[PDB]
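Have a look at the structure below before the remarks.
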Amino acid sequence: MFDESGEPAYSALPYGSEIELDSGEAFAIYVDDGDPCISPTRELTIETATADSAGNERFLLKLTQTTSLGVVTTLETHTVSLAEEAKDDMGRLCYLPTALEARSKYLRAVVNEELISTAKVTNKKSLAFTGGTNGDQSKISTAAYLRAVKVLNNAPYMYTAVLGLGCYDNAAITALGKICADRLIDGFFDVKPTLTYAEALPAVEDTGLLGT
Amino acid sequence: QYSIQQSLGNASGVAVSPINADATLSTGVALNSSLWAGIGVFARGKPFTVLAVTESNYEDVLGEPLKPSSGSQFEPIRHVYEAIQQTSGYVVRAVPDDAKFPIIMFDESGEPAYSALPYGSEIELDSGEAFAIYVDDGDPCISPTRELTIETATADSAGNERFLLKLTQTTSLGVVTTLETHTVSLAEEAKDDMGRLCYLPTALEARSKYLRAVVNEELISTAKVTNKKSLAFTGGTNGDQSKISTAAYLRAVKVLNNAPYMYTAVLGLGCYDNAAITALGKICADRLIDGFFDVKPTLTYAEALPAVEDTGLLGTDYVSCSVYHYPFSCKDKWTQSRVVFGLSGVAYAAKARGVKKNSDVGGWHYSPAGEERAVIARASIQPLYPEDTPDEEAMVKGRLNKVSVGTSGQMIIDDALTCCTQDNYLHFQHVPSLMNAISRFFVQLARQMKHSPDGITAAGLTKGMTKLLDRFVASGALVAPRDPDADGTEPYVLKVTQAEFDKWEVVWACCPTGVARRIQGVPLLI
Amino acid sequence: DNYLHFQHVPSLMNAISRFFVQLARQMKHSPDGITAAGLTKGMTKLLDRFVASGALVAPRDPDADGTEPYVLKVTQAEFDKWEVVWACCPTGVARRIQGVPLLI
Amino acid sequence: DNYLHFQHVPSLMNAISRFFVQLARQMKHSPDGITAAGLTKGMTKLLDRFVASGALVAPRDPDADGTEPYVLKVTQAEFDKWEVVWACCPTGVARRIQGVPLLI
Amino acid sequence: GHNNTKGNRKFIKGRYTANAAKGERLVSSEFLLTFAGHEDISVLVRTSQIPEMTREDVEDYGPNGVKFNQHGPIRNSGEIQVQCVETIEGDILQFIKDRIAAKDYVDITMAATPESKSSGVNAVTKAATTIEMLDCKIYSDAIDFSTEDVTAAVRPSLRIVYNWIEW
């Protein structure tokens, strides 16, 4: 999170929650890739540039990636402006949210409309993201599986098979079976491989797919 | 080879302008198969007057499209652009009250004075002022500056004096271009080199589309004009166009109602006001015409159904009126900015495509929905509310039309229903359309039937009606009854009945063509 | 500025005037002599020939002006004064051309 | 910082402009009804030749623009004026190449 | 005699109205050739044609005697027969002499101009009935002169070969 005169601040938020800009902050830039920056770090550098034809200020935003041994690799560059009616050299618009949403793969931005009338940016180097974590992924509730199944149901793409991919959850399996029976496609599901021969048979009935 | 110039003057030569890094080239074409109408808010144009726009005039007439960052002021031009790719139409402009147009008054010595007045007001010349020049076109000169230049010219053959009036346009950057030039004389009886009159009001009314003039008769005689450099119009502004009261919309609707151009469709170009929508529907039902309207697109699926009932169209009075809902998002054509707007002018395009199939009577029996006729052509479609599913049966009960993805992959309008709750075969779009077309043809026949030696007579009507209905049967609109045993093989029945002597009655019945919308397959296994 | 500083515009009218003079000189030897009815048929024939040659073209704007290339009309005020007038729409020349390069 | 850095893009634009100027100079001072068709036909043929030679390619943004390498439009402006506009898409150049070694 | 006979004039009336629903039939005497830069010869043409507009066909004999005909590449070049009338000033002869003297390729536009679709003294053409040929070569033929043909006028025969058909 930046503010007037460009003083960065660092934070982290849960995936579901939306970003709210506190009073006295100009804009924020966050990683949309869904990737914690733990082992390969990611940094931002800001460099000012020449103003465009209309006289609006512009700058460059550059993203780099650093490994554990110190190797630095270049990822992306952009020409960005903080004014709504700002145009690039090629004729495209330079507004930060629109530019990041249109021509970027990792970053997204959110702007506060109250203070962008009087905001400034300075040259900064190597601002690294912190706080991005992946939680304990061995304990995931059935709500997440059901939500992702609902997302898969309304996918505008066309597919001809459904795969379990090691869910081993009865509700998710029967929801996937409902998807298969809805779209008239094939389904390949699996039961827990650690079960013995005697215990495998009741688990199939436990899945709920047996019938007509 | 030799030198190459950048701009042309008066010499004979070929000039090439410098390379432009960004610009767009557009090619147009004109057609007048079916004429539409609507109401919207735009940049420039004469307010509250009917304007005729074609594919090559919708940029000069009207104006440059408004930027989506302003908000809610950009939908009408997008709707007009979508609808105009088939045929031309008519548009009436609505403007807020706090709108003014610039005007320059000239003293007897020749000095200018600037001011502005509201569109409704009429110009009154103060004593001590000879003449004034204002802008007839409803174009504020805020971003593109317009300048006026005056210089003297050779006197007339009879001895009258005259001067050159030139109009120039300057952008914000500083690029200056020339718009118009004229030779005008303050004397009442003066003539041009080509023989035309040079009286300032008459000349401006005749051969100018930008400016007009008003003169003071008493003091016009002893007036002198001196050379002046560029003078810029000031004070011409448009109020916040995102806040338009219902009175202006109703005034524009009333202006549309009293027009003789005889258009064949009425469209709601991004107008989300209920009173204006009901008035437009009344116009639609008055003229025996089809009509297409739009509900607010940002509304969710649950809230859309009550919004249809909010408008007064749901009933038996307004037949052949359709309401569409389109909550998806797409990249804008002019600037790739991911805008959202409804489906008005896309349905009319499908109707026009269907009408173009037949050349004798039109073939109005084609329904607007379908995979071939109705296709939505937009850059990249992203749903606003994913993982949500509409209730199709509730939509059918609510007389709301739906959209779907076609076989090829593009979005398709998949249904066509009118705002008629009764089960009368009238909720299907084409059934009212056929009878409306036949009624219009009959009206034109009956208007021509009079002015004859015998006027309107029962014998005369039967012959013309038989010819008309035979033509409609030939076009394929009317078909034989499904059950030949119960009903006769004839597609239509025309009869005249007699009660007493002063009562006559002419009635014709028709069997409309069916549509194919529900198909079921039953698989078996041997 | 009368569309007259272009070379061909006076040339067409001078040729038509010479043809009219030659026609009127011959018509004077007719039994009746010079007559308003007689002066219309010949002028129509010569103007049709000039239209065929491509010298006269239809007006640029069909809405404002009629589609006909030339208008020949006879007006009478009182009985002593007659008047015969014809108007023409000359062909244009192409002398100024401009090209505008762009880049996608 | 446009597409005008590279030496070849202005070279293509200037070559097309010079060819257009020559073509226009060929058809100067001619009566009406001839110039429009000649201009459009010659310009289409010339841009087709440049497309065949490999100078122009399909645009890199198919959402904003179609699949056509070039477009053309010819109109008549005034009594003795013409205006022609065209757009075209240039060819890229290979300047910088990066390689990354890996070890199994 | 015949027991199957039955009259039905409603059906015939229906066929008559269906046939008359379409507008007109193009009379074969209404057409126009342009010949690109030589527009003065357009009057003297007396006969024209429309190109073949076909494709090559590929024959394959399948199992047993099964045979299938398949589309092939478009046919570009062909011949067109055109007849012109001759004046006493040798317009056609001079045209042919000039064409032979210098190797040229001339574009030819073929269009139909009915009287019904015309405004003023100028004919108007339609895109549907207009076809074009590019890179054509104009060749002459033997021209016959004879006495005792006092009622006839000399009519040269021209042979034109096109290299592309565009619409």
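Labeling convention for the structure tokens: chains A, B, ... as they appear, residues from 1 per chain, ligands from 1 in order of appearance.
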Mobile chain D fitted to chain C over all in-order Cα pairs, reported as a CSV table (one decimal) with N, CA and C atoms, in the first residue's frame:
```csv
chain,number,residue,atom,x,y,z
D,1,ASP,N,-13.6,34.0,-56.4
D,1,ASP,CA,-13.6,32.7,-55.7
D,1,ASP,C,-14.8,31.8,-56.0
D,2,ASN,N,-15.3,31.9,-57.2
D,2,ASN,CA,-16.5,31.1,-57.6
D,2,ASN,C,-16.0,29.8,-58.3
D,3,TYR,N,-16.8,29.1,-59.0
D,3,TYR,CA,-16.5,28.0,-59.9
D,3,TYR,C,-15.8,28.5,-61.2
D,4,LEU,N,-15.5,29.8,-61.2
D,4,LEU,CA,-14.9,30.4,-62.4
D,4,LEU,C,-13.4,30.6,-62.3
D,5,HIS,N,-12.8,30.0,-61.3
D,5,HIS,CA,-11.3,29.9,-61.3
D,5,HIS,C,-10.8,29.1,-62.5
D,6,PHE,N,-11.4,27.9,-62.7
D,6,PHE,CA,-10.8,26.9,-63.5
D,6,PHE,C,-11.0,27.2,-65.0
D,7,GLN,N,-10.0,27.0,-65.8
D,7,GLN,CA,-10.1,27.5,-67.2
D,7,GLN,C,-11.2,26.8,-68.0
D,8,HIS,N,-11.6,25.6,-67.6
D,8,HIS,CA,-12.5,24.8,-68.4
D,8,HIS,C,-13.9,25.2,-68.3
D,9,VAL,N,-14.3,25.8,-67.1
D,9,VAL,CA,-15.7,26.1,-66.9
D,9,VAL,C,-16.1,27.3,-67.8
D,10,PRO,N,-15.4,28.4,-67.9
D,10,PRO,CA,-15.7,29.4,-68.9
D,10,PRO,C,-15.6,28.9,-70.3
D,11,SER,N,-14.7,28.0,-70.5
D,11,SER,CA,-14.6,27.4,-71.9
D,11,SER,C,-15.9,26.7,-72.3
D,12,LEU,N,-16.5,25.9,-71.4
D,12,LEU,CA,-17.8,25.3,-71.7
D,12,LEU,C,-18.9,26.3,-71.9
D,13,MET,N,-18.9,27.3,-71.0
D,13,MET,CA,-20.0,28.3,-71.1
D,13,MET,C,-19.9,29.0,-72.4
D,14,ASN,N,-18.7,29.4,-72.8
D,14,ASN,CA,-18.5,30.2,-74.0
D,14,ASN,C,-18.8,29.3,-75.3
D,15,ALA,N,-18.4,28.0,-75.2
D,15,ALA,CA,-18.7,27.2,-76.3
D,15,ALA,C,-20.2,27.0,-76.5
D,16,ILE,N,-21.0,26.8,-75.4
D,16,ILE,CA,-22.4,26.8,-75.5
D,16,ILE,C,-23.0,28.1,-76.0
D,17,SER,N,-22.5,29.2,-75.5
D,17,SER,CA,-23.0,30.5,-76.0
D,17,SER,C,-22.7,30.7,-77.5
D,18,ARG,N,-21.6,30.3,-78.0
D,18,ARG,CA,-21.3,30.5,-79.4
D,18,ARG,C,-22.2,29.6,-80.2
D,19,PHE,N,-22.4,28.4,-79.8
D,19,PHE,CA,-23.3,27.5,-80.5
D,19,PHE,C,-24.8,28.1,-80.5
D,20,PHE,N,-25.2,28.6,-79.4
D,20,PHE,CA,-26.5,29.3,-79.4
D,20,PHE,C,-26.6,30.5,-80.3
D,21,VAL,N,-25.6,31.3,-80.4
D,21,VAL,CA,-25.6,32.4,-81.2
D,21,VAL,C,-25.6,32.0,-82.7
D,22,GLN,N,-24.9,31.0,-83.1
D,22,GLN,CA,-25.0,30.5,-84.4
D,22,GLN,C,-26.4,30.0,-84.7
D,23,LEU,N,-27.0,29.2,-83.8
D,23,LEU,CA,-28.3,28.7,-84.0
D,23,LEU,C,-29.3,29.8,-84.2
D,24,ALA,N,-29.2,30.8,-83.4
D,24,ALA,CA,-30.2,31.9,-83.5
D,24,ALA,C,-30.0,32.7,-84.8
D,25,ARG,N,-28.7,32.9,-85.2
D,25,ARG,CA,-28.5,33.6,-86.4
D,25,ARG,C,-29.0,32.8,-87.6
D,26,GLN,N,-29.1,31.5,-87.5
D,26,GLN,CA,-29.7,30.7,-88.6
D,26,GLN,C,-31.2,31.1,-88.8
D,27,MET,N,-31.9,31.3,-87.7
D,27,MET,CA,-33.3,31.4,-87.8
D,27,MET,C,-33.8,32.9,-87.6
D,28,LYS,N,-33.1,33.8,-88.2
D,28,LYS,CA,-33.4,35.2,-88.0
D,28,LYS,C,-34.3,35.7,-89.1
D,29,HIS,N,-35.1,36.7,-88.8
D,29,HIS,CA,-36.0,37.4,-89.8
D,29,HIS,C,-37.0,36.4,-90.3
D,30,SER,N,-37.8,35.9,-89.4
D,30,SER,CA,-38.8,34.9,-89.8
D,30,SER,C,-40.2,35.3,-89.2
D,31,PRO,N,-41.3,34.9,-89.9
D,31,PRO,CA,-42.6,35.3,-89.4
D,31,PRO,C,-42.9,34.5,-88.1
D,32,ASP,N,-44.1,34.8,-87.6
D,32,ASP,CA,-44.5,34.2,-86.3
D,32,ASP,C,-44.9,32.8,-86.4
D,33,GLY,N,-44.8,32.1,-85.3
D,33,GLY,CA,-45.2,30.7,-85.2
D,33,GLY,C,-44.1,29.7,-85.5
D,34,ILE,N,-42.9,30.1,-85.8
D,34,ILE,CA,-41.8,29.2,-86.2
D,34,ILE,C,-40.7,29.2,-85.2
D,35,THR,N,-40.3,30.4,-84.7
D,35,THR,CA,-39.1,30.6,-84.0
D,35,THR,C,-39.0,29.8,-82.6
D,36,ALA,N,-40.1,29.8,-81.9
D,36,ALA,CA,-40.1,29.2,-80.6
D,36,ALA,C,-39.8,27.7,-80.6
D,37,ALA,N,-40.5,26.9,-81.4
D,37,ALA,CA,-40.2,25.5,-81.5
D,37,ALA,C,-38.8,25.2,-82.0
D,38,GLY,N,-38.4,25.9,-83.0
D,38,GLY,CA,-37.1,25.7,-83.5
D,38,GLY,C,-36.0,26.0,-82.5
D,39,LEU,N,-36.1,27.1,-81.8
D,39,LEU,CA,-35.2,27.4,-80.8
D,39,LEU,C,-35.1,26.4,-79.7
D,40,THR,N,-36.3,26.0,-79.1
D,40,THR,CA,-36.3,25.0,-78.0
D,40,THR,C,-35.8,23.7,-78.5
D,41,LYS,N,-36.1,23.2,-79.7
D,41,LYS,CA,-35.7,21.9,-80.1
D,41,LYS,C,-34.2,21.9,-80.4
D,42,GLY,N,-33.7,22.9,-81.1
D,42,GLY,CA,-32.2,23.0,-81.3
D,42,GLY,C,-31.4,23.1,-80.1
D,43,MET,N,-31.9,23.9,-79.1
D,43,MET,CA,-31.2,24.1,-77.9
D,43,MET,C,-31.2,22.8,-77.0
D,44,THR,N,-32.3,22.1,-77.0
D,44,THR,CA,-32.3,20.8,-76.3
D,44,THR,C,-31.4,19.8,-76.9
D,45,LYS,N,-31.4,19.7,-78.2
D,45,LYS,CA,-30.5,18.8,-78.9
D,45,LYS,C,-29.0,19.2,-78.6
D,46,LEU,N,-28.7,20.4,-78.6
D,46,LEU,CA,-27.3,20.8,-78.4
D,46,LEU,C,-26.8,20.5,-76.9
D,47,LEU,N,-27.7,20.8,-76.0
D,47,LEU,CA,-27.3,20.5,-74.6
D,47,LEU,C,-27.3,19.0,-74.3
D,48,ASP,N,-28.1,18.3,-75.0
D,48,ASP,CA,-28.0,16.8,-75.0
D,48,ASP,C,-26.7,16.3,-75.5
D,49,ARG,N,-26.2,16.9,-76.6
D,49,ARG,CA,-24.9,16.5,-77.1
D,49,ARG,C,-23.8,16.8,-76.1
D,50,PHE,N,-23.9,18.0,-75.5
D,50,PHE,CA,-22.9,18.3,-74.5
D,50,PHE,C,-22.9,17.4,-73.3
D,51,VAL,N,-24.2,17.0,-72.9
D,51,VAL,CA,-24.3,16.0,-71.8
D,51,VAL,C,-23.6,14.7,-72.2
D,52,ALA,N,-23.9,14.2,-73.4
D,52,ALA,CA,-23.3,13.0,-73.9
D,52,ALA,C,-21.8,13.0,-74.0
D,53,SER,N,-21.2,14.2,-74.4
D,53,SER,CA,-19.8,14.3,-74.5
D,53,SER,C,-19.1,14.2,-73.1
D,54,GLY,N,-19.8,14.4,-72.0
D,54,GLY,CA,-19.2,14.3,-70.7
D,54,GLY,C,-18.9,15.6,-70.1
D,55,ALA,N,-19.4,16.8,-70.7
D,55,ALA,CA,-19.0,18.1,-70.1
D,55,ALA,C,-19.9,18.4,-68.9
D,56,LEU,N,-21.2,18.0,-68.9
D,56,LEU,CA,-22.1,18.4,-67.8
D,56,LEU,C,-22.4,17.1,-67.0
D,57,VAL,N,-22.5,17.2,-65.7
D,57,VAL,CA,-22.8,16.1,-64.8
D,57,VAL,C,-23.9,16.6,-63.9
D,58,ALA,N,-24.4,15.6,-63.1
D,58,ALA,CA,-25.5,15.9,-62.1
D,58,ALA,C,-25.0,16.8,-61.0
D,59,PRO,N,-25.9,17.6,-60.5
D,59,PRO,CA,-25.5,18.6,-59.5
D,59,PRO,C,-25.1,17.9,-58.2
D,60,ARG,N,-24.2,18.6,-57.5
D,60,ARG,CA,-23.6,18.1,-56.2
D,60,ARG,C,-24.5,18.3,-55.0
D,61,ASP,N,-25.6,19.0,-55.2
D,61,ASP,CA,-26.6,19.3,-54.1
D,61,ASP,C,-27.9,18.8,-54.5
D,62,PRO,N,-28.3,17.6,-54.2
D,62,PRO,CA,-29.6,17.1,-54.6
D,62,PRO,C,-30.8,17.7,-53.8
D,63,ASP,N,-30.5,18.2,-52.6
D,63,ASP,CA,-31.6,18.9,-51.8
D,63,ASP,C,-32.0,20.2,-52.5
D,64,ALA,N,-31.1,21.0,-52.9
D,64,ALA,CA,-31.5,22.3,-53.5
D,64,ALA,C,-31.9,22.2,-54.9
D,65,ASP,N,-31.3,21.2,-55.7
D,65,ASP,CA,-31.6,21.1,-57.1
D,65,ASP,C,-32.0,19.6,-57.4
D,66,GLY,N,-32.7,19.4,-58.5
D,66,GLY,CA,-33.0,18.0,-58.8
D,66,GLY,C,-31.9,17.2,-59.3
D,67,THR,N,-32.2,16.2,-60.2
D,67,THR,CA,-31.1,15.4,-60.8
D,67,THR,C,-30.9,15.7,-62.2
D,68,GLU,N,-31.4,16.8,-62.7
D,68,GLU,CA,-31.3,17.2,-64.1
D,68,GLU,C,-30.0,18.0,-64.3
D,69,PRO,N,-29.1,17.6,-65.2
D,69,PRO,CA,-27.9,18.4,-65.5
D,69,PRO,C,-28.3,19.8,-66.0
D,70,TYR,N,-29.3,20.0,-66.8
D,70,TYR,CA,-29.6,21.2,-67.5
D,70,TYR,C,-31.1,21.5,-67.4
D,71,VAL,N,-31.5,22.8,-67.6
D,71,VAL,CA,-32.9,23.2,-67.7
D,71,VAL,C,-32.9,24.2,-68.8
D,72,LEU,N,-34.1,24.4,-69.4
D,72,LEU,CA,-34.3,25.3,-70.5
D,72,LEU,C,-35.7,26.0,-70.4
D,73,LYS,N,-35.8,27.2,-71.0
D,73,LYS,CA,-37.0,28.0,-71.0
D,73,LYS,C,-36.9,29.0,-72.1
D,74,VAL,N,-38.0,29.0,-73.0
D,74,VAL,CA,-38.0,29.9,-74.1
D,74,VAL,C,-39.4,30.7,-74.1
D,75,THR,N,-39.3,32.0,-74.1
D,75,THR,CA,-40.5,32.8,-74.1
D,75,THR,C,-40.4,33.9,-75.2
D,76,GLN,N,-41.5,34.5,-75.6
D,76,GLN,CA,-41.6,35.6,-76.5
D,76,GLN,C,-41.9,36.9,-75.7
D,77,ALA,N,-41.1,37.9,-75.8
D,77,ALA,CA,-41.3,39.1,-75.0
D,77,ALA,C,-42.1,40.2,-75.6
D,78,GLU,N,-41.9,40.6,-76.9
D,78,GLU,CA,-42.5,41.7,-77.5
D,78,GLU,C,-42.9,41.4,-78.9
D,79,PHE,N,-43.2,42.4,-79.7
D,79,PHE,CA,-43.5,42.2,-81.1
D,79,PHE,C,-42.4,41.6,-81.9
D,80,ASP,N,-41.2,41.9,-81.6
D,80,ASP,CA,-40.0,41.4,-82.4
D,80,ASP,C,-38.9,41.1,-81.4
D,81,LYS,N,-39.2,40.4,-80.3
D,81,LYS,CA,-38.1,40.1,-79.3
D,81,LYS,C,-38.3,38.7,-78.8
D,82,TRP,N,-37.2,38.0,-78.5
D,82,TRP,CA,-37.2,36.7,-77.9
D,82,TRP,C,-36.3,36.7,-76.7
D,83,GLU,N,-36.5,35.8,-75.8
D,83,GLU,CA,-35.7,35.6,-74.6
D,83,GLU,C,-35.6,34.1,-74.3
D,84,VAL,N,-34.4,33.6,-74.2
D,84,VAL,CA,-34.1,32.2,-73.8
D,84,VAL,C,-33.1,32.1,-72.7
D,85,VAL,N,-33.4,31.3,-71.7
D,85,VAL,CA,-32.5,31.2,-70.5
D,85,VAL,C,-32.2,29.7,-70.3
D,86,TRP,N,-31.0,29.4,-69.9
D,86,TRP,CA,-30.6,28.0,-69.6
D,86,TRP,C,-29.6,28.0,-68.5
D,87,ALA,N,-29.6,26.8,-67.8
D,87,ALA,CA,-28.6,26.6,-66.7
D,87,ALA,C,-28.0,25.2,-66.9
D,88,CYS,N,-26.8,25.0,-66.4
D,88,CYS,CA,-26.1,23.8,-66.6
D,88,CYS,C,-25.0,23.6,-65.5
D,89,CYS,N,-24.6,22.4,-65.2
D,89,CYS,CA,-23.7,22.1,-64.1
D,89,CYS,C,-22.4,21.6,-64.7
D,90,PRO,N,-21.3,22.1,-64.3
D,90,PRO,CA,-20.0,21.8,-64.9
D,90,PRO,C,-19.4,20.5,-64.3
D,91,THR,N,-18.3,20.1,-64.9
D,91,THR,CA,-17.5,18.9,-64.4
D,91,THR,C,-16.3,19.3,-63.6
D,92,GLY,N,-16.0,18.5,-62.5
D,92,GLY,CA,-14.9,18.8,-61.7
D,92,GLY,C,-13.6,18.5,-62.3
D,93,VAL,N,-12.5,18.9,-61.6
D,93,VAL,CA,-11.2,18.6,-62.0
D,93,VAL,C,-10.4,18.1,-60.8
D,94,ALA,N,-9.4,17.2,-61.0
D,94,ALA,CA,-8.6,16.7,-60.0
D,94,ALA,C,-7.3,17.5,-60.0
D,95,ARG,N,-7.1,18.3,-59.0
D,95,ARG,CA,-5.9,19.1,-58.8
D,95,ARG,C,-4.9,18.7,-57.8
D,96,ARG,N,-5.4,18.5,-56.5
D,96,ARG,CA,-4.5,18.2,-55.4
D,96,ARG,C,-4.9,16.8,-54.8
D,97,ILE,N,-3.9,16.0,-54.6
D,97,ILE,CA,-4.0,14.6,-54.1
D,97,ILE,C,-3.1,14.4,-52.9
D,98,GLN,N,-3.6,13.9,-51.8
D,98,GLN,CA,-2.7,13.6,-50.6
D,98,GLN,C,-2.7,12.1,-50.3
D,99,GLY,N,-1.6,11.6,-49.9
D,99,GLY,CA,-1.4,10.3,-49.5
D,99,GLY,C,-0.8,10.2,-48.1
D,100,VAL,N,-1.2,9.2,-47.3
D,100,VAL,CA,-0.7,9.0,-45.9
D,100,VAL,C,-0.2,7.6,-45.7
D,101,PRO,N,1.1,7.5,-45.5
D,101,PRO,CA,1.7,6.1,-45.3
D,101,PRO,C,1.4,5.7,-43.8
D,102,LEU,N,1.3,4.4,-43.7
D,102,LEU,CA,1.1,3.7,-42.4
D,102,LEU,C,2.0,2.5,-42.3
D,103,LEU,N,2.3,2.1,-41.0
D,103,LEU,CA,3.2,1.1,-40.7
D,103,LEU,C,2.6,0.1,-39.8
D,104,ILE,N,2.6,-1.2,-40.2
D,104,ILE,CA,2.0,-2.3,-39.4
D,104,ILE,C,2.9,-2.8,-38.3
```
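The residues of range 8-100 of chain C that DSSP assigns to strand (DSSP E) on this backbone come out as residues 71, 72, 73, 74, 75, 76, 77, 81, 82, 83, 84, 85, 86, 87, 96, 97, 98, 99 and 100 of chain C.
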Would you save the residues of that selection, restricted to N, CA, C and O atoms, as an mmCIF file, in the first residue's frame?
```
data_model
loop_
_atom_site.group_PDB
_atom_site.id
_atom_site.type_symbol
_atom_site.label_atom_id
_atom_site.label_comp_id
_atom_site.auth_asym_id
_atom_site.auth_seq_id
_atom_site.Cartn_x
_atom_site.Cartn_y
_atom_site.Cartn_z
ATOM 1 N N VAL C 71 -30.934 23.042 -67.247
ATOM 2 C CA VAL C 71 -32.308 23.510 -67.114
ATOM 3 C C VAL C 71 -32.538 24.600 -68.150
ATOM 4 O O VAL C 71 -31.879 25.647 -68.112
ATOM 5 N N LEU C 72 -33.472 24.363 -69.062
ATOM 6 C CA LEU C 72 -33.841 25.326 -70.090
ATOM 7 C C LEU C 72 -35.285 25.752 -69.873
ATOM 8 O O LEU C 72 -36.192 24.914 -69.894
ATOM 9 N N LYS C 73 -35.498 27.050 -69.667
ATOM 10 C CA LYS C 73 -36.821 27.566 -69.356
ATOM 11 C C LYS C 73 -37.062 28.869 -70.101
ATOM 12 O O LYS C 73 -36.128 29.637 -70.344
ATOM 13 N N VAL C 74 -38.321 29.108 -70.453
ATOM 14 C CA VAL C 74 -38.744 30.319 -71.145
ATOM 15 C C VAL C 74 -39.778 31.029 -70.283
ATOM 16 O O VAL C 74 -40.750 30.414 -69.833
ATOM 17 N N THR C 75 -39.567 32.322 -70.055
ATOM 18 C CA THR C 75 -40.461 33.129 -69.237
ATOM 19 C C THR C 75 -40.982 34.299 -70.056
ATOM 20 O O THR C 75 -40.270 34.834 -70.911
ATOM 21 N N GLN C 76 -42.226 34.690 -69.793
ATOM 22 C CA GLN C 76 -42.867 35.783 -70.509
ATOM 23 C C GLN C 76 -43.392 36.813 -69.525
ATOM 24 O O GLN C 76 -44.172 36.480 -68.627
ATOM 25 N N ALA C 77 -42.966 38.061 -69.698
ATOM 26 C CA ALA C 77 -43.519 39.202 -68.983
ATOM 27 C C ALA C 77 -44.175 40.123 -70.000
ATOM 28 O O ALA C 77 -43.524 40.554 -70.957
ATOM 29 N N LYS C 81 -41.832 41.516 -74.138
ATOM 30 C CA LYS C 81 -40.569 40.992 -73.631
ATOM 31 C C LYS C 81 -40.664 39.486 -73.433
ATOM 32 O O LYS C 81 -41.527 39.002 -72.693
ATOM 33 N N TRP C 82 -39.769 38.756 -74.092
ATOM 34 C CA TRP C 82 -39.551 37.336 -73.872
ATOM 35 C C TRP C 82 -38.156 37.145 -73.296
ATOM 36 O O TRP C 82 -37.313 38.043 -73.352
ATOM 37 N N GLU C 83 -37.911 35.962 -72.740
ATOM 38 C CA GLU C 83 -36.605 35.662 -72.178
ATOM 39 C C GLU C 83 -36.332 34.170 -72.275
ATOM 40 O O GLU C 83 -37.167 33.351 -71.883
ATOM 41 N N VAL C 84 -35.161 33.826 -72.803
ATOM 42 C CA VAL C 84 -34.715 32.444 -72.931
ATOM 43 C C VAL C 84 -33.402 32.313 -72.177
ATOM 44 O O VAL C 84 -32.446 33.048 -72.455
ATOM 45 N N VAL C 85 -33.353 31.386 -71.226
ATOM 46 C CA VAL C 85 -32.176 31.178 -70.390
ATOM 47 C C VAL C 85 -31.927 29.684 -70.258
ATOM 48 O O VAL C 85 -32.872 28.890 -70.194
ATOM 49 N N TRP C 86 -30.656 29.298 -70.230
ATOM 50 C CA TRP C 86 -30.274 27.931 -69.918
ATOM 51 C C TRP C 86 -29.127 27.943 -68.921
ATOM 52 O O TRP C 86 -28.226 28.782 -69.007
ATOM 53 N N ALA C 87 -29.174 27.021 -67.969
ATOM 54 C CA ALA C 87 -28.138 26.856 -66.963
ATOM 55 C C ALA C 87 -27.422 25.530 -67.177
ATOM 56 O O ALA C 87 -27.977 24.580 -67.732
ATOM 57 N N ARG C 96 -5.882 18.723 -56.939
ATOM 58 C CA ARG C 96 -5.305 18.618 -55.603
ATOM 59 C C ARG C 96 -5.679 17.269 -55.008
ATOM 60 O O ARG C 96 -6.864 16.935 -54.918
ATOM 61 N N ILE C 97 -4.672 16.498 -54.603
ATOM 62 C CA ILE C 97 -4.860 15.178 -54.016
ATOM 63 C C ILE C 97 -4.038 15.095 -52.739
ATOM 64 O O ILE C 97 -2.904 15.582 -52.691
ATOM 65 N N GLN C 98 -4.607 14.482 -51.702
ATOM 66 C CA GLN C 98 -3.923 14.321 -50.427
ATOM 67 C C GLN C 98 -4.015 12.878 -49.956
ATOM 68 O O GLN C 98 -5.065 12.242 -50.077
ATOM 69 N N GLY C 99 -2.917 12.371 -49.413
ATOM 70 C CA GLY C 99 -2.875 11.034 -48.838
ATOM 71 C C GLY C 99 -2.529 11.097 -47.363
ATOM 72 O O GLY C 99 -1.728 11.932 -46.945
ATOM 73 N N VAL C 100 -3.147 10.218 -46.581
ATOM 74 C CA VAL C 100 -2.974 10.213 -45.129
ATOM 75 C C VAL C 100 -2.542 8.830 -44.657
ATOM 76 O O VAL C 100 -3.392 7.951 -44.463
#
```
